[PDB]
Amino acid sequence: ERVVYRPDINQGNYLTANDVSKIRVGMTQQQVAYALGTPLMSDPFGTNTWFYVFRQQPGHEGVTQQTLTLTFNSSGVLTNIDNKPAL
Amino acid sequence: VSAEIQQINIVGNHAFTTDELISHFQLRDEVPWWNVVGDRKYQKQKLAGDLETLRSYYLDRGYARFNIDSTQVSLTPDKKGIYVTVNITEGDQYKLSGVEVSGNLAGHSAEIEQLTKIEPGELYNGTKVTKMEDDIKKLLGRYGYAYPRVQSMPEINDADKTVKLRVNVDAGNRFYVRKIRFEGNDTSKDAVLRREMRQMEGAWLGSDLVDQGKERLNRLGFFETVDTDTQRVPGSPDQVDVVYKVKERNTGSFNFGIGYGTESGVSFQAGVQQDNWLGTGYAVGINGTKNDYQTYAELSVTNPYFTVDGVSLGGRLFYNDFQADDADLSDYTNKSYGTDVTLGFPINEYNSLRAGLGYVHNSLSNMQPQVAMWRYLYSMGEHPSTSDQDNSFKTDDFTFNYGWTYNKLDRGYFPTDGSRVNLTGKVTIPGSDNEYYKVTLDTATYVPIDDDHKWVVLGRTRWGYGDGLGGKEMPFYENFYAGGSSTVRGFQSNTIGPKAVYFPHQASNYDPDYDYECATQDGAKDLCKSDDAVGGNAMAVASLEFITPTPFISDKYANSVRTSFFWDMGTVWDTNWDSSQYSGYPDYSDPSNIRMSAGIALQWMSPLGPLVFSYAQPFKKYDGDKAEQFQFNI
Amino acid sequence: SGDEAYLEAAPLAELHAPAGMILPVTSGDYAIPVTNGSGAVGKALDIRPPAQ
Amino acid sequence: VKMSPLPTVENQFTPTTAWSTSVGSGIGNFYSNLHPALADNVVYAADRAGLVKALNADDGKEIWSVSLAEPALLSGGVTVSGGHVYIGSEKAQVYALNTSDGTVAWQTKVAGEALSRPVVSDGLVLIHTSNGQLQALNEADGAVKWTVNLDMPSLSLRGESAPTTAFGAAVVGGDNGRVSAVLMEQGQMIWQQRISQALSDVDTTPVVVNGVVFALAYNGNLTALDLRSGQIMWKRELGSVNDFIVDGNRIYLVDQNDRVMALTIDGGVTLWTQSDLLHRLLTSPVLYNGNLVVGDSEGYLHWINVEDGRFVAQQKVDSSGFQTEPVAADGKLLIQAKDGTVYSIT
Amino acid sequence: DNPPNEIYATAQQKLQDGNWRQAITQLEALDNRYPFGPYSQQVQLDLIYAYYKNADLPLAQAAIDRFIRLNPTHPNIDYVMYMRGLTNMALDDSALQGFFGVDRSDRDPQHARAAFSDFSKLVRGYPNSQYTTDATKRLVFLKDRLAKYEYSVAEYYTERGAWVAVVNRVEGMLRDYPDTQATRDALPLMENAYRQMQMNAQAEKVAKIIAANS
């Protein structure tokens, strides 16, 4: 249970408030990758989508996750964006 | 035949006397009268590190502008001698005004300022600047900047004998771990290695975590060496595929033997230990004996990870049936078995608690009268006659198990740093046959005295105590023991401590003229001072082993052969002994009778398992002790 | 060592793409070419080097 | 490698030890050009320990003694002229000592170690150093005028070519195997020529007579050079480090293998060769009574005739042996062994 | 000391009899005493064969490298490729746990990976060689034995709960090892990881994929 010392578990990108501010709709793939770093996961299937997730599980505190989704057309320009802050 | 360094000379060097300078170089002209191994063989390549040592030494005393003017090495005409002259210019020593950090701080301004802080007016030091550079590098690594650009540019204010230090730092791009790989765990399951990590794959890199992975793998003890390589992923700017390179080794011993004329008969016995059984990480240990007068057996299994959180689970089985003189009907016949189940979980990275329940069965028959056992039985309300041996006793007892272990050993099987503490304690469950509590404290402290970790001073101690909870007393069958390979070298196994005192009694199953103790058949008619050990309730054992390098064995045996001098002291005594009734016997109440022994200890991690070779003198015994100077164990 | 276990490997089968879906592009690093099966299999094979 | 045994030598005369005096602790295992010198029937001597003494040439009695120390590390000969004694050291210091009282007239820090014998000519005292800065010092006060850089090979020989003066040009060797000539006016370079052959090619003290210079590399070529042009006229393959003598029309030397030879002044043709002393580390020769005296590392003074080169006398004088060259002047032959003792021969 | 062919005859007879140790002691004399000679070819191939039949796998591999470096063109090179594949594979096996039947899939895959690469090189370079069928079957086995290790890493990460690792590992299998049974068994792991990451848009997609291939 929570009482035992599990090590801190980190997952996904280190997405943070400052860098997500630079993202602008319609921006090209290379610059968004530069702004947030390379995506640590991407939609492997037909839809050209990038998934950024910032996830943390400290020793006993509850899991916290911030998920950001980026979609691009056939030419790699950001078409739609959404940023789930929690849960 | 080749030339030898006949003189080392340095011109100038007004700040420090030449002898002091040459006290540090590897190249050396003369042999101290108490040393022989100081070879004077000059080599051209060897001098480079020496010159760098001079560089660093002068940089570490404030002489910033220090430089080598030139170096000339010349032969004698006969080719028998080399003179080495190093020509230097010192200049003045300079003190640091302050450190200015510039560039891309990556938002960690406070911590980087803290690392580079200095007290005012301190002398310039090359070691200080190198330490700051490396510290800032690892500080940036801790937050996921694997490869930060760091540059230290000192600015000399020669006008006032002062120096201003300019540091330029650029963190770069944070690095994420893409794919952790293990190379070399040919037998151990990949899970067994990866469970120890603290850097989870697909997360921002961490120098501290990836290093702690190596640290925990090395503590696990299943590998000879472990190497880490933060190889950058090709074709990507900020992804690194950490690789752990390992090399497995044997993880147990398989001891087997058969009886000879030194034994009651030709029969088999064995003892087996295994820490990584079939590479799954399970720990297994078995002991087995089928002597004509003893059928002792023991087994233990432990899973270090019952769940991935770290909760360890294990248990122990043991069985015993012993007879003293014969098989079918014998004196001091005892039968015993028990079951222990253990659960343990880590409370932090280094401390782990343990818990569990123990069950023990005990039976005794034809017991030889003696003071301690009958005192205990008097405690329990049994009233067995002393004059007659034809009596028996039985017990069924359950115990609560707990313990505490602190482990900071740097390596599993030949540790050189840190210490290990192990506190184990038992208490009887209420309503059980026995009402006693027992606690034992073990401590092993390793400290190196030389930076190479070949000279290590091992401070190892064990402690123990126990007492009855109610009016009863703790059971004789479970007492402490000392002596043997483990606790104290020199003495025979389980021999140290208070000594049994038999009563005069009629002997059962008697046979004329056989060796017997204190039988009215033989005419013995008084209380007995004897040489049969009985153990005791409390003990304290200490050791200081001076580990030393293997002197004349090649490096191939470096990680297998260890030798050490040692000094041993240890004691076992009974707090409950009533000295008033036994004026004519040693007073076991006082622990003042410390045993001591000293000797040489050799450890060899042979392919079949660790070998313990011990030779020692029990240079302070007490009456009734038995010892053999050289003792061996596997 | 050298056991016939590798003959017990289960037969291979491609994953079918659902409607309106494409599976990830397959890496050529681990492709399986196909050729005539007339050659022998297992211990029936003359593992000895060719003679002259 | 094996070294030659002592030769059986029937002596034509019985040379004798006139006197000897202990001086400090000797040089011992160290290697240096520290040797005594004679001026106006007074013998000046020195030792690595730092003791410097003046000895009466005939009686052998001390007149004064002083120590400049602490490993003073005196080195590089003991030269005397005009009433002053110049003594180098393997530390930067080079001392100039008044002959009468023995107090330090002046001391100067010359760049690098001062191994070479100091030589004094027209008021300037030359010193050749292990780092190549051939420096010059005023006899009067000791201030430097000029310095000249001669390149340093990676591997050298613990010895530096003491210069010689002729017609205002000081000829000096170099560790790089380039004999050089310099004017003492300000140290302006005059000419320089390589004398080595295709490793260590260090040079030693040269000598000049009748306008033709002589140079001698450790390996490669023995040669003569024109003083005014520096062009090489003739050459021979007799490399060595020891000093060599010029007399009449003959050249007496010791090779690097301790084989003793005599050569013509013109063309360098061999007159005779003596090889019995092979591999017996030999001191530089010195002319005495129409014969050459050479000490060895086993304490023997070997006397050899000019005409044939066969030995004429052979006597033990010390157990430690003579590394430093003997000196001959004013009809007295002087030598000091590795041990701290000067022996006067007669 | 005997001339080449007679010693080779006894060597070949002992090799045929299966006395691998003394056989190889006989074989190793020829190359050392008679290097470069006409018999060098057959003795070297029989040397590879003898080391492989012995437990001296790494020495067999070293000899195979020292052989292939010499003669890129050779009528029997395909056999050396097959022996290279076999000596890579046999290093993946074990005695004690093999007898117990314990699966060794999750251990070191680098040896198996090299074996697959070498066998693929064989079958692609010499498709008509008589060993090509064995190479194809062994490639079939090795693909599965690699995907099983990769799945067993995905399993541990799922059990720990590093969901990003699970998704990346299963995606790696679908990219490299799509056809194997391991992916068909592992897709539930990627579904679970996506759902634990609240990533329903991807969970539904994985549900569709597994449904289509159930």
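In case you missed it, the structure is sitting above this.
*Asks:* Residues and numbers for the state of the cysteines, please.
*Replies:* Residue and element names in this part refer to chain B. Counted by the stated rule, this structure contains one disulfide over all chains. The disulfide that involves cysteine 518 links it to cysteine 528, with 2.0 Å between the sulfurs. An S-S torsion of about -135 degrees defines the bridge between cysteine 518 and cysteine 528 as left-handed. Residue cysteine 518 is located in the loop between β21 (456-468) and β22 (538-548), and its partner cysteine 528 is located in the loop between β21 and β22; the two are separated by ten residues in the primary sequence. Classification of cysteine 518 by relative accessible area gives buried; the value is 15%. A residue is classified by how much of its surface remains accessible, and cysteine 528, at 7% relative accessible area, is buried.

*Asks:* Explain the pairing of strand β9 (residues 104-109) of chain D to me, using residue names and the numbers behind them.
*Replies:* Residues and elements named next belong to chain D. With five bridges connecting them, strand β8 (residues 93-98) and β9 associate as antiparallel partners. From the neighbouring strand, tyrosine 95 faces β9, where its bridge partner is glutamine 107. In sequence, β8 turns back onto β9 through a hairpin of five residues, with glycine 102 there showing a positive phi of about 85 degrees.

*Asks:* Explain the packing of helix α5 (residues 77-89) of chain E against helix α7 (residues 110-125) of chain E residue by residue, including any values.
*Replies:* Residues and elements named next belong to chain E. Running from amino to carboxyl end, α5 crosses α7 at an angle of 165 degrees, the nearest separation of the two axes being 8 Å. As judged from the angle between their axes, α5 and α7 are roughly antiparallel. Along this stretch, α5 crosses α7, giving a crossing that reads as left-handed. In contact with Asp78, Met81, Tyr82, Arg84, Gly85, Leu86, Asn88 and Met89 of α5, α7 contributes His111, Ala114, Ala115, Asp118, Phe119, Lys121 and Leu122. Within the contact of α5 with α7, the residues separate by chemical class into eight nonpolar, three polar and four charged.

*Asks:* For the interface of chain C and chain E, give the residues involved together with the corresponding values.
*Replies:* Between chain C and chain E, the residue contacts involve 39 residues of the former and 42 residues of the latter. The interface formed by chain C and chain E holds zero salt bridges in total. The interface formed by chain C and chain E includes 14 residue pairs in polar contact. In terms of residue class, the side of chain C that touches chain E is made up of 23 nonpolar, twelve polar and four charged.

*Asks:* Mind laying out helix α4 (residues 57-68) of chain E, listing which residues take part and the relevant values?
*Replies:* If you check α4 of chain E, its first and last C-alpha atoms are 16 Å apart, about what twelve residues at 1.5 Å a residue would give, namely 16 Å. Of the surrounding elements, those touching the buried residues of α4 of chain E are α3 (40-53) and α5 of chain E.

*Asks:* Explain the nonpolar core to me, using residue names and the numbers behind them.
*Replies:* If you look at the biggest cluster of nonpolar residues, it comprises 114 residues, and the most contacted ones within it are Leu70 of chain A, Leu217 and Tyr244 of chain B together with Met83, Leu142, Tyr157 and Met197 of chain E. Here this core takes twelve residues from helix α8 (residues 132-160) of chain E, the largest share from any one element. Those residues within four positions of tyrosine 244 of chain B in sequence are excluded, and the remaining contacts are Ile180, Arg181, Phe182, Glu183, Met197, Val210, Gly213, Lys214, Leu217, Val226, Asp227 and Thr228 of chain B. Membership of the second largest hydrophobic core comes to 19 residues, among which are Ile10, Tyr57, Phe66 and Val86 of chain B.

*Asks:* Describe in detail the environment of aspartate 255 of chain D, supporting the description with residues and values.
*Replies:* All names here are of chain D. Looking at the element boundaries, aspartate 255 is found in the loop between β24 (250-254) and β25 (260-264). Under the relative-accessibility criterion, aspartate 255 is labelled buried at 6%. The sequence separation of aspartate 255 and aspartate 243 amounts to twelve residues, and the corresponding C-alpha distance is 9.9 Å. Beyond its immediate sequence surroundings of up to four residues, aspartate 255 is in contact with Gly239, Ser240, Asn242 and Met261. Within the structure, the side chain of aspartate 255 is placed 2.8 Å from the backbone nitrogen of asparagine 257, a separation counted as a polar contact. Within the structure, the side chain of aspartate 255 is placed 2.5 Å from the backbone nitrogen of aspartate 258, a separation counted as a polar contact.

*Asks:* If you had to explain the interface of chain B and chain D to someone new, which residues and values would you point to?
*Replies:* Listed by partner, the interface residues are 14 residues for chain B and 19 residues for chain D. Note on chain B versus chain D: buried area summed over both sides is about 1600 Å², and carbon and sulfur give 55% of it. The interface formed by chain B and chain D contains zero salt bridges. Joining chain B to chain D, the criterion identifies eleven residue pairs in polar contact. Those elements that place two or more of their residues in the side of chain B that touches chain D are β1 (4-11), β2 (67-75) and β3 (81-89) of chain B. The residue inventory of the side of chain B that touches chain D, partitioned by class, reads five nonpolar, seven polar and two charged. Taken together, the three bridges between β2 of chain B and strand β14 (residues 155-157) of chain D define a ladder with parallel strand orientation. Residue pairing for β14 of chain D: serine 74 of chain B is matched across the bridge by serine 156 of chain D.

Definitions and limits used
- Residues numbered from 1 in each chain as written, not as in the entry; some residues may be left out.
- Chains lettered and ligands numbered in written order.
- Heavy atoms only, no water.
- Disulfide = S-S within 2.5 Å.
- Helix = DSSP H or I, 4+ residues; strand = E, 2+ residues; numbered from the N terminus.
- Buried < 20%, exposed > 50% of the residue type's maximum accessible area, 1.4 Å probe, protein only.
- Pairing = 2+ DSSP bridges.
- Axes fitted to C-alpha atoms, helices over the stretch in contact; angles between N-to-C directions.
- Parallel < 35°, antiparallel > 145°, perpendicular 65-115°, else oblique.
- Left-handed = near helix turned anticlockwise from the far one by under 90°.
- Contact = heavy atoms within 4.5 Å.
- Nonpolar A, V, L, I, M, F, W, Y, C, P; charged D, E, K, R; others polar.
- Salt bridge = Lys/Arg side-chain N within 4 Å of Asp/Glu carboxyl O.
- Polar contact = N/O pair within 3.5 Å; in protein donor to acceptor, adjacent residues only side chain to side chain.
- Expected span 1.5 Å × (residues − 1).
- Core = buried A, V, L, I, M, F, W, Y, C linked by side-chain atoms within 4.5 Å.
- Buried area = accessible area lost by both parts, 1.4 Å probe.

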